[PDB]
Amino acid sequence: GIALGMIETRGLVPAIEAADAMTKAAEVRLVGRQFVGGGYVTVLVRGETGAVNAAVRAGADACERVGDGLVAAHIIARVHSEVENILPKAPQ
Amino acid sequence: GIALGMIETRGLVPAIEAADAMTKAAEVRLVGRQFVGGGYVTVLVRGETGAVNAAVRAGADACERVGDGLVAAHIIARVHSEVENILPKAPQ
Amino acid sequence: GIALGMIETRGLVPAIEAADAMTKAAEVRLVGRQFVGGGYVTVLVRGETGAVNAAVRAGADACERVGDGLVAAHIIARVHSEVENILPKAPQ
Amino acid sequence: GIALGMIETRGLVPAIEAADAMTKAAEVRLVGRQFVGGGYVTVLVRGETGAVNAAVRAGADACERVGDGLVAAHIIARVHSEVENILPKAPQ
Amino acid sequence: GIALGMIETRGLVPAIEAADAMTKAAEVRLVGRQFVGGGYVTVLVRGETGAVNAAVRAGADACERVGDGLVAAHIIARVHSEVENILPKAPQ
Amino acid sequence: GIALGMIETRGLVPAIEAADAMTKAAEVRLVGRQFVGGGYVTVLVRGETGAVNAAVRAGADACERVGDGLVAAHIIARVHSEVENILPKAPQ
Amino acid sequence: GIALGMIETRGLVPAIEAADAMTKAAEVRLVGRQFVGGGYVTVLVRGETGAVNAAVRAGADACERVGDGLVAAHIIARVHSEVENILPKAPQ
Amino acid sequence: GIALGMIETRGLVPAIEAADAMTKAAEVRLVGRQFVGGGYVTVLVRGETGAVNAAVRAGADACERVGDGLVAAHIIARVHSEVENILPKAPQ
Amino acid sequence: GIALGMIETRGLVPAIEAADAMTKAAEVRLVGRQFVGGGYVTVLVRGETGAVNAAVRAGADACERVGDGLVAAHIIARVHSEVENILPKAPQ
Amino acid sequence: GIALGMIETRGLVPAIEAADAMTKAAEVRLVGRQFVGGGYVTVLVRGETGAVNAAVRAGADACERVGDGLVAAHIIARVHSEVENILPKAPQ
Amino acid sequence: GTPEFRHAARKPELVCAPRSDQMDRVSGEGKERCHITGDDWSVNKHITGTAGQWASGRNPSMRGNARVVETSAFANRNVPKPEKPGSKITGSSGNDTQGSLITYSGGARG
Amino acid sequence: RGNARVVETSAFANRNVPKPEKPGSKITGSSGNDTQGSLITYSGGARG
Amino acid sequence: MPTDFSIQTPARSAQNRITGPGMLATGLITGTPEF
Amino acid sequence: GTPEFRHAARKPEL
Amino acid sequence: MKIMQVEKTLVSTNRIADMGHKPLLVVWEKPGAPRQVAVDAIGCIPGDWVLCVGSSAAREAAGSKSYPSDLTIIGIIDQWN
Amino acid sequence: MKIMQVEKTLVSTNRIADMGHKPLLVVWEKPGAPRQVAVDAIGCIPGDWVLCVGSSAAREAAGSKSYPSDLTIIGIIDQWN
């Protein structure tokens, strides 16, 4: 899969909840976790388009009322080649 | 065990109170302290589910009226093999 | 292309949406994503003045409803050779 | 010349506009860009005193209404030799 | 895949915007453009279900405020072997 | 079967939904699709009288709120020989 | 220039006036005219992005006065390959 | 001839009157009559600028009270060379 | 490029200000400065349509209150091929 | 020496007076004098932004009440490379 | 920090206009709902040429008085219709009276 | 103690930022088109 | 204070519609009309 | 188109 | 829910009026398994692995609580077997 | 309730909108047993012995009384086998 789901949160505890829920919802790969700054944390998964759609929807519901809350849940089924340069390949 | 307790706080004083409480209140291992930015600090513990539930409860109560307070207190009974790679193995 | 088009967003999910929307709307190059801090992320693209105009308009529309949102959308149709030092050559 | 001009903005988009408007405006060298945290970005320029006065006014007018805008536009005609250590020499 | 996305619009300008959006937003294949009469134009795409869902969503949003607008946007996960014969195999 | 079901719609997207739903509801054969003009599209199925009754009822429910809507759903269990001259035998 | 501009008009006289104006005003090639039906007529011009934008705007201004008038004006800077098949790239 | 004249009408009977009034009025050639769709018929004449001016005024006055009426009467004294490809050369 | 931008002024000082603002704002080319007599000085720039729109906007704002001022700022995205024989190719 | 000072005057006497005052008042070289038509003459100096900001102030003071007067007193602190073709070279 | 300063010492909410409160003249990349700052292809009222009267006045035109009824599926959406067929049939027939109007030969509710 | 109390740029200060109108869905057919959950979004801010 | 070009100018006398043979004797002619 | 016309030119719901 | 493959369509003309105009599909857990029938709330072609909900939920799944069937296809599995 | 081990995840894009954004997990009473699917109301990793509830109860367990579901994971067993 080459589709990109991503869930942003106001903090890391909502983000871990999203990552766990996304990874558990469907066969998607947690490719990165980012501290954007200001307390914004983004979790990013890559998988098949249906799997990523299933993952991101479940992640957002899980973290909506966890911690300070959810900011964004976005799915990108076809990602441009240029945007794949600013996307992590394995989490740190 | 493979359960996770996370206590996000506003500041590190509430996080250190949260982590003392969690560690003294159950057989859980402090695995990490994260500075997320914007003054969010997540203290994460790992142990069997019951220990994590007791610990997270003690920690939340402890860190609530310390400083700027608790942002989140969350328990994850079983943690996906993918969420493991975004989780600190040892505290720093 | 020597025109610059920069979108600023609050968070990374709106910025990745902008990068994707800008790169797919016009023959522009994603040159960098910068974490400015305070949860501000700037996506910078580079292409001809028409491609950059189209790309920025596309990015702005796309990111206006993803996450915290759009802080800025700007074009520099000719950029001084001095500013090429503070501008990122390749996304990394 | 050894005059310092220093535009500070809320975000990097306003700052690239200020830098570009400062460099096109007068005979000045962009000596650095700093991410200070909390959204703040400071573009610093160095050149003769009138070069810097005409650049820091061109920069401020250019970025005044771009992004979250301008925080500070300031000129120092000669800086103490101790302030040269806390000033970048070349942009990174 | 064998899923179908159809976006009926009033006019061909909204249909071409709908079909660009669908094709750029997911890995779907534009299989046909039909002039139905009365100024109804249906753009039909074919791909795996998740791709078609993402595509139809992007297309609907895109073609809504273009010209006379969207009449319908519909996804069919699996398409009967009989409906196949009323469906254009390649665009014209 | 020689019974004729037929469903008319204000457009092609409601018509494809009807054809798919009719073909999926019961063992009926999609014999034709017509662009009547004005945006009226008719789908026609031929099957056993019970199968066609089951097909047309399911098709009409499927396309009632799809697109601009349904116009007619008609079942003709015994079709006259003279009317079989103006009925298609295989779709195009 | 792969940018695509389509103007949808009610009537062929409006569409022809539009085409004339667009071509005269900016550097565009008149790729095609398709009669949508319902009387919608679409004139498509392909050119450099900026050129296309200017042309479409000029055409819009001109066409509205004559006949029923503008239904739509749209510019798609980057057309996906799939869409290219539906639009009449061949000049005819 | 170089000048184009065009009379759009709602119906063929108004258009035949305009074609006759126009061709009788001045030295113009009936180069096309097009059924646009939706009951819009355009009559197109190519002659010298003076003749096409006089002709199109004759047509508009004749067909205005005939049938449903006139939608438009337009003169393009020299179409762009690109618009020639979408203009008929001989009526069919 | 083929777009032409033309900023006429009352004197050479308002036209050197307009030429500086035009050339810096976008990637245009001074193709000629003309002394028309009467004091009128025209600055003609030729670049892409997006660049010329940006340049003339910058030029018109710069020279409005400089000297005797701006008479005309005027863009022609494409001149007729006969209007190009009365256009300067290079500044004198 | 990259800045430009420019005094436009109504006549050659006010212009020669301004040229003298400017060249005497600061470190600026007189690069040219242009007859613009209609009685406007322009005296251009080139030097540093302070040398020039001091010359053009001194020059406008000299020629304000000399003859028909001063029309414009403008300073360009950095001149675009393109604008230097329309600028007299220093042997003038 | 200027000599004068020391001597003296002695906006929209959203970058993109509301989607409902605006309709763009040219959609797509021609959209002008978002405010792009900078050097951006937009043109002040000061600047003349290309569009406006320079595209609109070149060719003479007369707009006639013929706005007429549309015969179409969409214009016939609210046609007057005859009274709806009903069913007095009894026995097990799948006689649903609540769904879309299925009809049999002679306009008989089905 | 100087007079500089200034805005916090943070995820928590941006919690009540003005936001653009919420994406909606006019999509039909079986898509799991839930309109009641958290705002999932697709390419272009299209409700997902 | 000196304020203006003090040289009187024919061109600047005014401001610092279409006249053609078409205009002549318009009313008198009876004939084919154009618009 | 009647000579005169030119010369001068110079229900139930269901 | 159960993962059942669609085998064919079923047609009862004498069906109760409460079933409404809703398709019915023969289903099975494998070829050779006992054949159940489910209201097709989604559009499923024969040979489609499908998700079938059981008691109570099914009634709301296609039509309202009043709607009868105790088996309903609530989706088609993106990939099975 | 039944003690069922999670085998994997399931994904239906064409799922009814009433299912909401809720994960679905293939489950079985043992490896080789018939595979059921349950709404994952808890977060369960594959290989987890879990507690799955009956149909009406499932709906409330899955978050809404009217939710469509006849099987839901109401917990993970602290230790099994």
# chains A, B, ... in the order shown; residues from 1 in each chain; ligands from 1
$ select_by_dssp --residues "segment 22-68 of chain C" --states "strand (DSSP E or B)" --output "JSON, numbers by chain"
{"C": [29, 30, 31, 32, 33, 34, 35, 36, 37, 40, 41, 42, 43, 44, 45, 46, 47]}
$ residues_around --residues "segment 57-72 of chain P" --least-positions-apart "4" --cutoff "7 Å" --atoms "only C-alpha atoms" --output "PDB file with N, CA, C and O atoms, in the first residue's frame"
ATOM      1  N   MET O   1     -20.909 -10.716  13.895  1.00  0.00           N
ATOM      2  CA  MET O   1     -21.103 -10.872  12.437  1.00  0.00           C
ATOM      3  C   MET O   1     -20.486 -12.193  11.981  1.00  0.00           C
ATOM      4  O   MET O   1     -19.764 -12.781  12.773  1.00  0.00           O
ATOM      5  N   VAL O  53     -24.797  -9.434   9.763  1.00  0.00           N
ATOM      6  CA  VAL O  53     -25.031  -9.242  11.176  1.00  0.00           C
ATOM      7  C   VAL O  53     -26.216 -10.112  11.544  1.00  0.00           C
ATOM      8  O   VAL O  53     -27.015 -10.458  10.679  1.00  0.00           O
ATOM      9  N   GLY O  54     -26.341 -10.489  12.809  1.00  0.00           N
ATOM     10  CA  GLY O  54     -27.407 -11.392  13.212  1.00  0.00           C
ATOM     11  C   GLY O  54     -28.642 -10.812  13.865  1.00  0.00           C
ATOM     12  O   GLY O  54     -29.420 -10.119  13.222  1.00  0.00           O
ATOM     13  N   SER O  55     -28.839 -11.091  15.144  1.00  0.00           N
ATOM     14  CA  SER O  55     -30.068 -10.658  15.810  1.00  0.00           C
ATOM     15  C   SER O  55     -30.266  -9.186  16.104  1.00  0.00           C
ATOM     16  O   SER O  55     -29.328  -8.530  16.546  1.00  0.00           O
ATOM     17  N   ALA O  57     -29.839  -6.214  15.305  1.00  0.00           N
ATOM     18  CA  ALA O  57     -29.105  -5.209  14.568  1.00  0.00           C
ATOM     19  C   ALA O  57     -29.509  -5.263  13.127  1.00  0.00           C
ATOM     20  O   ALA O  57     -29.591  -4.242  12.456  1.00  0.00           O
ATOM     21  N   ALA O  58     -29.769  -6.462  12.641  1.00  0.00           N
ATOM     22  CA  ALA O  58     -30.114  -6.630  11.251  1.00  0.00           C
ATOM     23  C   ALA O  58     -31.357  -5.859  10.887  1.00  0.00           C
ATOM     24  O   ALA O  58     -31.474  -5.358   9.773  1.00  0.00           O
ATOM     25  N   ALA O  61     -30.432  -2.682  10.168  1.00  0.00           N
ATOM     26  CA  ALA O  61     -29.435  -2.643   9.107  1.00  0.00           C
ATOM     27  C   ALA O  61     -30.050  -2.337   7.772  1.00  0.00           C
ATOM     28  O   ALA O  61     -29.509  -1.529   7.026  1.00  0.00           O
TER      29      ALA O  61
ATOM     30  N   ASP P  18     -23.965   3.162   9.560  1.00  0.00           N
ATOM     31  CA  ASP P  18     -24.451   2.973  10.936  1.00  0.00           C
ATOM     32  C   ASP P  18     -23.375   2.266  11.739  1.00  0.00           C
ATOM     33  O   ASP P  18     -23.392   2.413  12.957  1.00  0.00           O
ATOM     34  N   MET P  19     -22.470   1.545  11.093  1.00  0.00           N
ATOM     35  CA  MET P  19     -21.316   0.905  11.755  1.00  0.00           C
ATOM     36  C   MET P  19     -20.364   1.976  12.280  1.00  0.00           C
ATOM     37  O   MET P  19     -19.546   1.690  13.096  1.00  0.00           O
ATOM     38  N   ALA P  38     -15.985  -9.346  15.139  1.00  0.00           N
ATOM     39  CA  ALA P  38     -16.553  -8.597  16.271  1.00  0.00           C
ATOM     40  C   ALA P  38     -16.126  -7.150  16.192  1.00  0.00           C
ATOM     41  O   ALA P  38     -15.004  -6.919  15.783  1.00  0.00           O
ATOM     42  N   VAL P  39     -16.989  -6.222  16.558  1.00  0.00           N
ATOM     43  CA  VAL P  39     -16.606  -4.795  16.667  1.00  0.00           C
ATOM     44  C   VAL P  39     -15.634  -4.709  17.839  1.00  0.00           C
ATOM     45  O   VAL P  39     -15.989  -5.150  18.904  1.00  0.00           O
ATOM     46  N   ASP P  40     -14.454  -4.139  17.644  1.00  0.00           N
ATOM     47  CA  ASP P  40     -13.420  -4.014  18.688  1.00  0.00           C
ATOM     48  C   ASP P  40     -13.715  -2.737  19.467  1.00  0.00           C
ATOM     49  O   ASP P  40     -13.240  -1.685  19.023  1.00  0.00           O
ATOM     50  N   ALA P  41     -14.478  -2.839  20.563  1.00  0.00           N
ATOM     51  CA  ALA P  41     -14.810  -1.710  21.455  1.00  0.00           C
ATOM     52  C   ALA P  41     -13.613  -1.425  22.366  1.00  0.00           C
ATOM     53  O   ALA P  41     -13.558  -0.327  22.922  1.00  0.00           O
ATOM     54  N   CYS P  52     -16.149 -11.863  23.971  1.00  0.00           N
ATOM     55  CA  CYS P  52     -17.080 -11.397  22.944  1.00  0.00           C
ATOM     56  C   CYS P  52     -18.533 -11.570  23.386  1.00  0.00           C
ATOM     57  O   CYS P  52     -18.919 -12.659  23.800  1.00  0.00           O
ATOM     58  N   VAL P  53     -19.346 -10.520  23.287  1.00  0.00           N
ATOM     59  CA  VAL P  53     -20.722 -10.575  23.799  1.00  0.00           C
ATOM     60  C   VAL P  53     -21.824 -10.851  22.779  1.00  0.00           C
ATOM     61  O   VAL P  53     -21.587 -10.761  21.581  1.00  0.00           O
TER      62      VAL P  53
END
$ closest_atom_pairs --of "chain A" --to "chain L" --cutoff "7 Å" --atoms "only C-alpha atoms" --output "Markdown table"
| residue | atom | partner | partner_atom | distance |
| --- | --- | --- | --- | --- |
| A:10 | CA | L:11 | CA | 5.3 |
| A:38 | CA | L:10 | CA | 3.9 |
| A:39 | CA | L:11 | CA | 5.2 |
| A:40 | CA | L:11 | CA | 5.5 |
| A:57 | CA | L:40 | CA | 6.1 |
| A:60 | CA | L:38 | CA | 6.0 |
| A:61 | CA | L:38 | CA | 5.8 |
| A:64 | CA | L:38 | CA | 6.8 |
| A:73 | CA | L:40 | CA | 4.8 |
| A:74 | CA | L:41 | CA | 4.7 |
| A:75 | CA | L:42 | CA | 4.9 |
| A:76 | CA | L:43 | CA | 5.6 |
$ interface_residues --of "chain L" --to "chain O" --cutoff "12 Å" --atoms "only C-alpha atoms" --output "ChimeraX atom specification"
/L:28-32
$ interface_residues --of "chain K" --to "chain F" --cutoff "6 Å" --atoms "only C-alpha atoms" --output "PyMOL selection string"
chain K and resi 72-73+100+102-105
$ select_by_dssp --residues "segment 3-34 of chain G" --states "helix (DSSP H, G or I)" --output "ChimeraX atom specification"
/G:12-25
$ atom_distance --atom1 "atom CA of residue 110 of chain K" --atom2 "atom CA of residue 95 of chain K"
7.2 Å
$ atom_distance --atom1 "atom CA of residue 36 of chain P" --atom2 "atom CA of residue 2 of chain O"
4.9 Å
$ decode --residues "chain B" --atoms "C-alpha atoms" --output "PDB file, in the first residue's frame"
ATOM      1  CA  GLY B   1       3.755  -6.935  31.009  1.00  0.00           C
ATOM      2  CA  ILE B   2       2.821  -5.132  27.774  1.00  0.00           C
ATOM      3  CA  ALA B   3       0.227  -2.615  29.058  1.00  0.00           C
ATOM      4  CA  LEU B   4       1.003   1.134  28.791  1.00  0.00           C
ATOM      5  CA  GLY B   5       0.087   3.945  31.211  1.00  0.00           C
ATOM      6  CA  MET B   6       0.626   7.431  29.883  1.00  0.00           C
ATOM      7  CA  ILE B   7       0.106  10.560  32.022  1.00  0.00           C
ATOM      8  CA  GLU B   8       0.496  13.794  30.015  1.00  0.00           C
ATOM      9  CA  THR B   9       0.844  16.900  32.261  1.00  0.00           C
ATOM     10  CA  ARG B  10       1.475  20.648  31.682  1.00  0.00           C
ATOM     11  CA  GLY B  11       5.100  20.928  32.945  1.00  0.00           C
ATOM     12  CA  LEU B  12       7.643  18.348  34.294  1.00  0.00           C
ATOM     13  CA  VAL B  13       6.922  18.821  38.057  1.00  0.00           C
ATOM     14  CA  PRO B  14       3.414  17.282  37.670  1.00  0.00           C
ATOM     15  CA  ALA B  15       4.974  14.533  35.437  1.00  0.00           C
ATOM     16  CA  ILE B  16       7.639  13.600  38.078  1.00  0.00           C
ATOM     17  CA  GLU B  17       4.855  13.536  40.780  1.00  0.00           C
ATOM     18  CA  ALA B  18       2.732  11.417  38.364  1.00  0.00           C
ATOM     19  CA  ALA B  19       5.653   9.000  37.780  1.00  0.00           C
ATOM     20  CA  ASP B  20       6.530   8.630  41.475  1.00  0.00           C
ATOM     21  CA  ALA B  21       2.899   7.891  42.236  1.00  0.00           C
ATOM     22  CA  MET B  22       2.576   5.379  39.397  1.00  0.00           C
ATOM     23  CA  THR B  23       5.822   3.551  40.294  1.00  0.00           C
ATOM     24  CA  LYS B  24       5.122   3.396  44.067  1.00  0.00           C
ATOM     25  CA  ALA B  25       1.439   2.426  43.573  1.00  0.00           C
ATOM     26  CA  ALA B  26       1.916  -0.653  41.384  1.00  0.00           C
ATOM     27  CA  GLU B  27       4.603  -2.917  39.883  1.00  0.00           C
ATOM     28  CA  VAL B  28       4.979  -0.866  36.652  1.00  0.00           C
ATOM     29  CA  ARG B  29       8.310   0.239  35.020  1.00  0.00           C
ATOM     30  CA  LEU B  30       8.832   3.951  34.058  1.00  0.00           C
ATOM     31  CA  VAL B  31       9.939   3.454  30.406  1.00  0.00           C
ATOM     32  CA  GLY B  32      10.118   7.107  29.355  1.00  0.00           C
ATOM     33  CA  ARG B  33       9.646  10.816  29.928  1.00  0.00           C
ATOM     34  CA  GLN B  34       8.918  12.795  26.726  1.00  0.00           C
ATOM     35  CA  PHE B  35       9.014  16.572  26.223  1.00  0.00           C
ATOM     36  CA  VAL B  36       6.357  17.012  23.420  1.00  0.00           C
ATOM     37  CA  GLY B  37       6.570  20.836  23.249  1.00  0.00           C
ATOM     38  CA  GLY B  38       4.197  23.541  24.437  1.00  0.00           C
ATOM     39  CA  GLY B  39       4.941  22.347  27.956  1.00  0.00           C
ATOM     40  CA  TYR B  40       3.351  18.919  27.567  1.00  0.00           C
ATOM     41  CA  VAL B  41       5.384  16.140  29.325  1.00  0.00           C
ATOM     42  CA  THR B  42       4.242  12.472  28.973  1.00  0.00           C
ATOM     43  CA  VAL B  43       5.426   9.927  31.582  1.00  0.00           C
ATOM     44  CA  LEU B  44       4.888   6.383  30.197  1.00  0.00           C
ATOM     45  CA  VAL B  45       4.969   3.140  32.389  1.00  0.00           C
ATOM     46  CA  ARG B  46       4.752  -0.594  31.234  1.00  0.00           C
ATOM     47  CA  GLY B  47       3.405  -3.584  33.213  1.00  0.00           C
ATOM     48  CA  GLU B  48       0.622  -6.166  33.420  1.00  0.00           C
ATOM     49  CA  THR B  49      -2.893  -4.581  32.923  1.00  0.00           C
ATOM     50  CA  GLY B  50      -4.032  -4.465  36.631  1.00  0.00           C
ATOM     51  CA  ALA B  51      -0.798  -2.896  37.754  1.00  0.00           C
ATOM     52  CA  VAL B  52      -1.057  -0.275  34.968  1.00  0.00           C
ATOM     53  CA  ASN B  53      -4.741   0.477  35.948  1.00  0.00           C
ATOM     54  CA  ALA B  54      -3.800   1.014  39.647  1.00  0.00           C
ATOM     55  CA  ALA B  55      -0.740   3.039  38.697  1.00  0.00           C
ATOM     56  CA  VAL B  56      -2.489   5.327  36.211  1.00  0.00           C
ATOM     57  CA  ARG B  57      -5.243   5.974  38.767  1.00  0.00           C
ATOM     58  CA  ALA B  58      -2.718   6.901  41.542  1.00  0.00           C
ATOM     59  CA  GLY B  59      -0.687   9.022  39.149  1.00  0.00           C
ATOM     60  CA  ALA B  60      -3.645  10.982  37.864  1.00  0.00           C
ATOM     61  CA  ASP B  61      -4.825  11.760  41.357  1.00  0.00           C
ATOM     62  CA  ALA B  62      -1.243  12.772  42.459  1.00  0.00           C
ATOM     63  CA  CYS B  63      -0.369  15.074  39.458  1.00  0.00           C
ATOM     64  CA  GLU B  64      -3.809  16.777  39.195  1.00  0.00           C
ATOM     65  CA  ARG B  65      -3.327  19.760  41.621  1.00  0.00           C
ATOM     66  CA  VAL B  66       0.533  19.861  41.164  1.00  0.00           C
ATOM     67  CA  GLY B  67       1.446  22.891  38.984  1.00  0.00           C
ATOM     68  CA  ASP B  68      -0.427  23.329  35.658  1.00  0.00           C
ATOM     69  CA  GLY B  69      -1.927  19.829  36.121  1.00  0.00           C
ATOM     70  CA  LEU B  70      -2.976  16.720  34.191  1.00  0.00           C
ATOM     71  CA  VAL B  71      -3.780  16.937  30.437  1.00  0.00           C
ATOM     72  CA  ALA B  72      -4.451  13.185  30.063  1.00  0.00           C
ATOM     73  CA  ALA B  73      -4.200   9.830  31.909  1.00  0.00           C
ATOM     74  CA  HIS B  74      -4.711   6.768  29.637  1.00  0.00           C
ATOM     75  CA  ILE B  75      -4.335   2.916  29.926  1.00  0.00           C
ATOM     76  CA  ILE B  76      -3.764   0.629  26.844  1.00  0.00           C
ATOM     77  CA  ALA B  77      -4.186  -3.029  27.961  1.00  0.00           C
ATOM     78  CA  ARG B  78      -2.347  -4.637  24.980  1.00  0.00           C
ATOM     79  CA  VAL B  79      -0.139  -2.416  22.710  1.00  0.00           C
ATOM     80  CA  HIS B  80       0.255  -3.200  18.956  1.00  0.00           C
ATOM     81  CA  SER B  81       3.700  -4.465  17.769  1.00  0.00           C
ATOM     82  CA  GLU B  82       3.801  -1.311  15.568  1.00  0.00           C
ATOM     83  CA  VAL B  83       3.141   1.185  18.442  1.00  0.00           C
ATOM     84  CA  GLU B  84       6.094  -0.444  20.219  1.00  0.00           C
ATOM     85  CA  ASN B  85       8.546   1.340  17.825  1.00  0.00           C
ATOM     86  CA  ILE B  86       7.217   4.861  18.800  1.00  0.00           C
ATOM     87  CA  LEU B  87       7.621   3.981  22.527  1.00  0.00           C
ATOM     88  CA  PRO B  88      10.782   4.596  24.578  1.00  0.00           C
ATOM     89  CA  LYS B  89      12.337   1.341  25.750  1.00  0.00           C
ATOM     90  CA  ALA B  90      14.211   2.918  28.675  1.00  0.00           C
ATOM     91  CA  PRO B  91      13.860   6.281  30.431  1.00  0.00           C
ATOM     92  CA  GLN B  92      16.268   9.100  29.663  1.00  0.00           C
TER      93      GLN B  92
END
